[PDB]
$ cat start28.txt   # compact mmCIF, C-alpha atoms
# COMPACT_ATOMS: atom_id res chain seq x y z
CA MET A 1 107.75 39.89 88.37
CA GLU A 2 107.87 39.96 92.15
CA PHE A 3 105.65 42.21 94.32
CA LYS A 4 108.62 44.55 94.81
CA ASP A 5 108.59 45.26 91.05
CA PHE A 6 105.02 46.57 91.02
CA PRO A 7 104.34 50.21 92.08
CA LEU A 8 103.23 49.52 95.68
CA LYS A 9 103.66 51.81 98.70
CA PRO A 10 106.77 50.89 100.75
CA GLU A 11 104.63 50.10 103.82
CA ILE A 12 102.58 47.56 101.85
CA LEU A 13 105.71 45.82 100.58
CA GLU A 14 107.09 45.69 104.14
CA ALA A 15 103.87 43.92 105.17
CA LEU A 16 104.08 41.37 102.33
CA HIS A 17 107.73 40.41 102.82
CA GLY A 18 107.18 39.98 106.55
CA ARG A 19 104.79 37.10 105.80
CA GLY A 20 107.06 35.54 103.17
CA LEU A 21 104.93 36.69 100.24
CA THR A 22 107.30 37.69 97.43
CA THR A 23 105.84 36.59 94.08
CA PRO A 24 102.26 37.08 92.80
CA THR A 25 100.15 34.07 91.86
CA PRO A 26 98.59 33.92 88.35
CA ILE A 27 95.36 35.75 89.31
CA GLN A 28 97.34 38.48 91.05
CA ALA A 29 99.90 39.03 88.27
CA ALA A 30 97.20 39.46 85.63
CA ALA A 31 94.87 41.53 87.87
CA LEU A 32 97.18 43.94 89.72
CA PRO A 33 98.30 46.20 86.83
CA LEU A 34 94.67 46.71 85.88
CA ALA A 35 93.31 47.07 89.38
CA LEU A 36 96.07 49.40 90.54
CA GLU A 37 95.10 51.90 87.84
CA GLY A 38 91.36 51.89 88.61
CA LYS A 39 89.87 49.52 86.01
CA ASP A 40 86.86 47.24 86.60
CA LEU A 41 87.70 43.46 86.48
CA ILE A 42 85.97 40.15 86.58
CA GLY A 43 88.18 37.51 88.19
CA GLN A 44 87.50 33.79 87.82
CA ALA A 45 89.67 31.81 90.21
CA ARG A 46 89.20 29.02 92.72
CA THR A 47 89.66 29.41 96.44
CA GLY A 48 93.30 29.12 97.50
CA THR A 49 94.83 30.69 94.43
CA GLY A 50 95.35 34.16 95.88
CA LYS A 51 92.14 35.92 94.84
CA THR A 52 92.02 37.78 98.20
CA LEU A 53 95.24 39.77 97.71
CA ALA A 54 94.16 40.49 94.12
CA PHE A 55 91.69 42.98 95.62
CA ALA A 56 93.21 43.68 99.07
CA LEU A 57 96.39 45.16 97.54
CA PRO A 58 94.55 47.52 95.14
CA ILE A 59 92.43 48.72 98.10
CA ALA A 60 95.58 49.24 100.17
CA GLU A 61 97.22 51.17 97.30
CA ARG A 62 94.30 53.48 96.36
CA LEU A 63 93.11 54.65 99.81
CA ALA A 64 95.15 57.14 101.82
CA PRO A 65 94.87 57.03 105.64
CA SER A 66 92.34 59.44 107.17
CA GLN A 67 92.00 60.88 110.66
CA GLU A 68 88.41 62.16 110.33
CA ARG A 69 86.17 61.03 113.19
CA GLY A 70 82.94 59.42 111.96
CA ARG A 71 84.18 59.13 108.37
CA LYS A 72 82.25 57.04 105.83
CA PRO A 73 84.00 53.95 104.44
CA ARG A 74 85.77 54.33 101.06
CA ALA A 75 85.91 50.61 100.22
CA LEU A 76 83.24 47.93 100.52
CA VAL A 77 83.90 44.19 100.37
CA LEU A 78 80.95 41.78 100.30
CA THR A 79 81.44 38.11 101.21
CA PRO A 80 78.89 35.28 101.39
CA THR A 81 79.76 34.09 104.97
CA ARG A 82 80.63 35.42 108.45
CA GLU A 83 83.66 33.11 108.31
CA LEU A 84 84.91 34.57 104.99
CA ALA A 85 84.24 38.16 106.07
CA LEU A 86 86.48 37.62 109.10
CA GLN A 87 89.27 35.96 107.04
CA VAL A 88 89.16 38.71 104.40
CA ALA A 89 89.01 41.47 107.04
CA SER A 90 92.06 39.95 108.73
CA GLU A 91 94.07 39.80 105.48
CA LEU A 92 93.09 43.33 104.42
CA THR A 93 94.13 44.56 107.88
CA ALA A 94 97.52 42.90 107.39
CA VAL A 95 98.33 44.36 103.95
CA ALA A 96 96.72 47.78 104.64
CA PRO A 97 97.97 48.79 108.10
CA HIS A 98 97.26 52.47 107.36
CA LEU A 99 93.50 51.75 107.11
CA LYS A 100 90.76 51.09 109.65
CA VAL A 101 89.01 47.88 108.62
CA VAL A 102 85.63 46.88 110.08
CA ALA A 103 84.02 43.47 109.67
CA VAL A 104 80.25 43.34 109.70
CA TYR A 105 78.21 40.17 109.86
CA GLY A 106 75.24 38.34 111.33
CA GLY A 107 75.34 35.69 114.04
CA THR A 108 76.09 38.20 116.79
CA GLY A 109 74.78 41.42 118.36
CA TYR A 110 74.42 44.81 116.64
CA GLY A 111 76.26 46.79 119.28
CA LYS A 112 79.98 46.28 118.76
CA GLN A 113 79.83 46.59 114.94
CA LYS A 114 77.66 49.76 115.13
CA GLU A 115 80.11 51.49 117.49
CA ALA A 116 83.00 50.81 115.12
CA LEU A 117 81.12 52.26 112.14
CA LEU A 118 79.96 55.39 113.93
CA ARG A 119 83.49 55.98 115.25
CA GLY A 120 84.81 55.82 111.67
CA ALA A 121 85.69 53.25 108.98
CA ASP A 122 88.00 53.23 105.94
CA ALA A 123 86.99 49.82 104.62
CA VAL A 124 84.08 47.55 105.45
CA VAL A 125 84.06 43.79 104.91
CA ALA A 126 80.58 42.46 105.26
CA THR A 127 77.97 39.84 104.55
CA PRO A 128 75.07 41.26 102.52
CA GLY A 129 72.25 40.85 105.08
CA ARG A 130 74.01 42.62 107.91
CA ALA A 131 75.26 45.40 105.59
CA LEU A 132 71.73 46.19 104.36
CA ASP A 133 70.55 46.31 107.93
CA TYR A 134 73.05 48.99 108.90
CA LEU A 135 72.39 50.84 105.64
CA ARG A 136 68.64 50.86 106.35
CA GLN A 137 69.33 52.14 109.90
CA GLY A 138 71.39 55.01 108.54
CA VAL A 139 74.42 53.57 110.35
CA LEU A 140 76.40 52.36 107.31
CA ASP A 141 76.88 55.12 104.73
CA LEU A 142 77.93 53.93 101.28
CA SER A 143 78.04 57.31 99.51
CA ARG A 144 81.84 57.70 99.52
CA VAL A 145 82.66 54.17 98.40
CA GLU A 146 85.49 54.28 95.83
CA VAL A 147 86.01 50.53 95.47
CA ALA A 148 83.37 47.82 95.62
CA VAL A 149 84.25 44.12 95.74
CA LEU A 150 81.97 41.10 95.33
CA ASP A 151 83.89 38.12 96.74
CA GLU A 152 82.55 34.73 95.60
CA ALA A 153 79.57 36.14 93.68
CA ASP A 154 78.23 32.71 92.68
CA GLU A 155 78.15 31.75 96.36
CA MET A 156 76.14 34.85 97.34
CA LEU A 157 73.67 33.77 94.67
CA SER A 158 73.67 30.33 96.33
CA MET A 159 73.09 31.80 99.84
CA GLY A 160 70.12 33.83 98.56
CA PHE A 161 71.65 37.30 98.91
CA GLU A 162 70.94 38.64 95.40
CA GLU A 163 68.32 41.27 96.28
CA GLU A 164 70.55 42.50 99.10
CA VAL A 165 73.77 42.64 97.03
CA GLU A 166 72.05 44.64 94.26
CA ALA A 167 70.67 47.13 96.80
CA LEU A 168 74.09 47.62 98.35
CA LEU A 169 75.75 48.17 94.93
CA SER A 170 73.02 50.59 93.86
CA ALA A 171 73.78 52.67 96.95
CA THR A 172 77.42 53.19 96.04
CA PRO A 173 78.22 56.02 93.59
CA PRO A 174 78.70 54.97 89.88
CA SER A 175 82.11 56.68 90.09
CA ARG A 176 83.22 53.53 91.93
CA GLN A 177 85.73 50.94 90.73
CA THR A 178 84.11 47.49 90.75
CA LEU A 179 85.79 44.07 91.17
CA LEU A 180 83.72 40.90 90.77
CA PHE A 181 85.38 37.62 91.79
CA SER A 182 83.65 34.31 91.10
CA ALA A 183 84.61 30.75 90.14
CA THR A 184 81.51 30.33 87.97
CA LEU A 185 79.62 32.99 86.02
CA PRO A 186 75.91 32.19 86.36
CA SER A 187 73.22 34.27 84.61
CA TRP A 188 72.92 36.51 87.68
CA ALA A 189 76.63 37.34 87.70
CA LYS A 190 76.56 38.31 84.01
CA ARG A 191 73.56 40.60 84.53
CA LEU A 192 75.28 42.16 87.52
CA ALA A 193 78.39 42.97 85.47
CA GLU A 194 76.40 44.54 82.58
CA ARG A 195 74.50 46.64 85.07
CA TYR A 196 77.11 47.77 87.60
CA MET A 197 80.51 47.54 85.93
CA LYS A 198 82.26 49.58 83.23
CA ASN A 199 83.85 47.62 80.35
CA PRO A 200 85.28 45.04 82.73
CA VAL A 201 88.28 42.98 81.70
CA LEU A 202 87.68 39.28 82.40
CA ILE A 203 90.55 37.27 83.78
CA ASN A 204 90.31 33.49 84.06
CA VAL A 205 92.93 31.26 85.66
CA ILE A 206 90.91 28.05 86.11
CA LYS A 207 92.48 24.81 84.81
$ encode --input "start28.txt" --output "structure tokens"
Amino acid sequence: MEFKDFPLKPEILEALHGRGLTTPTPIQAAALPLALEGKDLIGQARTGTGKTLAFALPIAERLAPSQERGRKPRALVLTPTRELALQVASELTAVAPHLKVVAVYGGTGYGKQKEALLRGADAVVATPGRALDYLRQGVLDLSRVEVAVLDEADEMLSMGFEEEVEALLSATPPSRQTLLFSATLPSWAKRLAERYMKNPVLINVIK
């Protein structure tokens, strides 16, 4: 089916069609019906096969806009690099225009990112190190997080972010919906899913 056939807010559809996106890729077609209704998923898919929208869309659909100054984020996306955090934050911003998205990453100063958070955030896309930092400073509050996404989990293992990722997940409420994306499923990823997810459906589109 095309995107227009799924139960997506009109504004989200408008955003998709404007960029010539009309038909879900394999990972999106299998994941969306599950994700849209709140279920935990594990997604195995390579880069370039549309994994990003497979979680951006469900975030866009679940979260209503809010006007509350200083509000805590309701969605958390963790990525292994500053580069990927900025790409993902840009995409989420495109498909979810009703939300305030804030990217958070190392390699720069603390000032600009901290002002954005304190002013208010609906969704935070972040590398694990910089997220922990702001959590530890009482700047990033993860207690209202309704959706948590691990993007390229096997890569975060590779970058050495495991202790940090676990701490960040622990901080979110168990009431959360969890989405783990990863090309490979190393021992650490499996443990993570047993520990943080609820009866996740595994979807694999690798050749």
$ closest_residue --input "start28.txt" --among "A:73, A:43, A:106, A:18" --to "residue 119 of chain A" --atoms "all atoms listed in the file"
A:73
$ atom_distance --input "start28.txt" --atom1 "atom CA of residue 110 of chain A" --atom2 "atom CA of residue 129 of chain A"
12.4 Å
$ closest_atom_pairs --input "start28.txt" --of "segment 157-186 of chain A" --to "segment 75-97 of chain A" --cutoff "12 Å" --atoms "only C-alpha atoms" --output "Markdown table"
| residue | atom | partner | partner_atom | distance |
| --- | --- | --- | --- | --- |
| A:157 | CA | A:80 | CA | 8.6 |
| A:158 | CA | A:80 | CA | 8.8 |
| A:159 | CA | A:80 | CA | 6.9 |
| A:160 | CA | A:80 | CA | 9.3 |
| A:161 | CA | A:80 | CA | 7.9 |
| A:162 | CA | A:80 | CA | 10.5 |
| A:164 | CA | A:78 | CA | 10.5 |
| A:165 | CA | A:78 | CA | 7.9 |
| A:166 | CA | A:78 | CA | 11.1 |
| A:168 | CA | A:78 | CA | 9.2 |
| A:169 | CA | A:76 | CA | 9.3 |
| A:171 | CA | A:76 | CA | 11.2 |
| A:172 | CA | A:76 | CA | 9.0 |
| A:173 | CA | A:75 | CA | 11.5 |
| A:176 | CA | A:75 | CA | 9.2 |
| A:177 | CA | A:75 | CA | 9.5 |
| A:178 | CA | A:76 | CA | 9.8 |
| A:179 | CA | A:77 | CA | 9.4 |
| A:180 | CA | A:78 | CA | 10.0 |
| A:181 | CA | A:79 | CA | 10.2 |
| A:182 | CA | A:79 | CA | 11.0 |
$ closest_residue --input "start28.txt" --among "A:42, A:54, A:64, A:135" --to "residue 197 of chain A" --atoms "only C-alpha atoms"
A:42
$ closest_residue --input "start28.txt" --among "A:189, A:45, A:40, A:61" --to "residue 7 of chain A" --atoms "all atoms listed in the file"
A:61
$ closest_residue --input "start28.txt" --among "A:32, A:175, A:11, A:130" --to "residue 99 of chain A" --atoms "all atoms listed in the file"
A:11
$ atom_distance --input "start28.txt" --atom1 "atom CA of residue 125 of chain A" --atom2 "atom CA of residue 29 of chain A"
23.5 Å
$ build_atoms --input "start28.txt" --residues "segment 135-166 of chain A" --atoms "N, CA and C atoms" --output "mmCIF file, in the frame of the given file"
data_model
loop_
_atom_site.group_PDB
_atom_site.id
_atom_site.type_symbol
_atom_site.label_atom_id
_atom_site.label_comp_id
_atom_site.auth_asym_id
_atom_site.auth_seq_id
_atom_site.Cartn_x
_atom_site.Cartn_y
_atom_site.Cartn_z
ATOM 1 N N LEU A 135 72.713 49.823 106.631
ATOM 2 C CA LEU A 135 72.390 50.840 105.640
ATOM 3 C C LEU A 135 70.988 51.422 105.906
ATOM 4 N N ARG A 136 70.027 50.521 106.085
ATOM 5 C CA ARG A 136 68.640 50.860 106.350
ATOM 6 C C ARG A 136 68.475 51.649 107.670
ATOM 7 N N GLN A 137 69.401 51.457 108.612
ATOM 8 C CA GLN A 137 69.330 52.140 109.900
ATOM 9 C C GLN A 137 70.043 53.478 109.858
ATOM 10 N N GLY A 138 70.627 53.787 108.704
ATOM 11 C CA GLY A 138 71.390 55.010 108.540
ATOM 12 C C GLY A 138 72.727 54.951 109.253
ATOM 13 N N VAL A 139 73.169 53.745 109.608
ATOM 14 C CA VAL A 139 74.420 53.570 110.350
ATOM 15 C C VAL A 139 75.601 53.400 109.395
ATOM 16 N N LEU A 140 75.416 52.568 108.372
ATOM 17 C CA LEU A 140 76.400 52.360 107.310
ATOM 18 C C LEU A 140 76.122 53.253 106.109
ATOM 19 N N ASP A 141 77.037 54.180 105.844
ATOM 20 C CA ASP A 141 76.880 55.120 104.730
ATOM 21 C C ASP A 141 77.810 54.743 103.566
ATOM 22 N N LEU A 142 77.205 54.447 102.422
ATOM 23 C CA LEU A 142 77.930 53.930 101.280
ATOM 24 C C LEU A 142 78.184 54.985 100.187
ATOM 25 N N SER A 143 77.966 56.253 100.511
ATOM 26 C CA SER A 143 78.040 57.310 99.510
ATOM 27 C C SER A 143 79.466 57.752 99.128
ATOM 28 N N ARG A 144 80.485 57.284 99.840
ATOM 29 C CA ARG A 144 81.840 57.700 99.520
ATOM 30 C C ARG A 144 82.663 56.528 99.016
ATOM 31 N N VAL A 145 81.988 55.401 98.795
ATOM 32 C CA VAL A 145 82.660 54.170 98.400
ATOM 33 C C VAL A 145 83.346 54.316 97.050
ATOM 34 N N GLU A 146 84.668 54.122 97.038
ATOM 35 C CA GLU A 146 85.490 54.280 95.830
ATOM 36 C C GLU A 146 85.815 52.940 95.173
ATOM 37 N N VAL A 147 85.752 51.873 95.969
ATOM 38 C CA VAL A 147 86.010 50.530 95.470
ATOM 39 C C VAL A 147 84.994 49.552 96.042
ATOM 40 N N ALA A 148 84.334 48.811 95.170
ATOM 41 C CA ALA A 148 83.370 47.820 95.620
ATOM 42 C C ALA A 148 83.824 46.451 95.149
ATOM 43 N N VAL A 149 83.829 45.481 96.066
ATOM 44 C CA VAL A 149 84.250 44.120 95.740
ATOM 45 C C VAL A 149 83.204 43.063 96.073
ATOM 46 N N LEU A 150 82.818 42.259 95.089
ATOM 47 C CA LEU A 150 81.970 41.100 95.330
ATOM 48 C C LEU A 150 82.831 39.848 95.392
ATOM 49 N N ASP A 151 83.025 39.291 96.589
ATOM 50 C CA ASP A 151 83.890 38.120 96.740
ATOM 51 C C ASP A 151 83.099 36.810 96.782
ATOM 52 N N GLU A 152 83.353 35.940 95.812
ATOM 53 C CA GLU A 152 82.550 34.730 95.600
ATOM 54 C C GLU A 152 81.094 35.125 95.311
ATOM 55 N N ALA A 153 80.878 35.690 94.126
ATOM 56 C CA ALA A 153 79.570 36.140 93.680
ATOM 57 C C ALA A 153 78.599 34.979 93.476
ATOM 58 N N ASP A 154 79.089 33.873 92.917
ATOM 59 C CA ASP A 154 78.230 32.710 92.680
ATOM 60 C C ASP A 154 77.731 32.087 93.982
ATOM 61 N N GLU A 155 78.526 32.234 95.036
ATOM 62 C CA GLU A 155 78.150 31.750 96.360
ATOM 63 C C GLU A 155 77.080 32.618 97.017
ATOM 64 N N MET A 156 77.179 33.935 96.840
ATOM 65 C CA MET A 156 76.140 34.850 97.340
ATOM 66 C C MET A 156 74.807 34.574 96.659
ATOM 67 N N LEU A 157 74.860 34.211 95.383
ATOM 68 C CA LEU A 157 73.670 33.770 94.670
ATOM 69 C C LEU A 157 73.111 32.519 95.341
ATOM 70 N N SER A 158 74.002 31.578 95.641
ATOM 71 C CA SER A 158 73.670 30.330 96.330
ATOM 72 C C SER A 158 73.101 30.508 97.762
ATOM 73 N N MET A 159 73.581 31.517 98.489
ATOM 74 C CA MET A 159 73.090 31.800 99.840
ATOM 75 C C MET A 159 71.763 32.563 99.840
ATOM 76 N N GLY A 160 71.371 33.098 98.684
ATOM 77 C CA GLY A 160 70.120 33.830 98.560
ATOM 78 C C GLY A 160 70.222 35.314 98.892
ATOM 79 N N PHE A 161 71.368 35.912 98.578
ATOM 80 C CA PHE A 161 71.650 37.300 98.910
ATOM 81 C C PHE A 161 71.506 38.264 97.719
ATOM 82 N N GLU A 162 70.919 37.812 96.611
ATOM 83 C CA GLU A 162 70.940 38.640 95.400
ATOM 84 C C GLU A 162 70.237 39.980 95.529
ATOM 85 N N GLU A 163 69.018 39.994 96.070
ATOM 86 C CA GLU A 163 68.320 41.270 96.280
ATOM 87 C C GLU A 163 69.111 42.245 97.142
ATOM 88 N N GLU A 164 69.788 41.707 98.153
ATOM 89 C CA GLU A 164 70.550 42.500 99.100
ATOM 90 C C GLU A 164 71.833 43.068 98.482
ATOM 91 N N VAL A 165 72.554 42.224 97.737
ATOM 92 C CA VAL A 165 73.770 42.640 97.030
ATOM 93 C C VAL A 165 73.507 43.749 96.002
ATOM 94 N N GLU A 166 72.469 43.585 95.188
ATOM 95 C CA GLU A 166 72.050 44.640 94.260
ATOM 96 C C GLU A 166 71.708 45.979 94.929
#
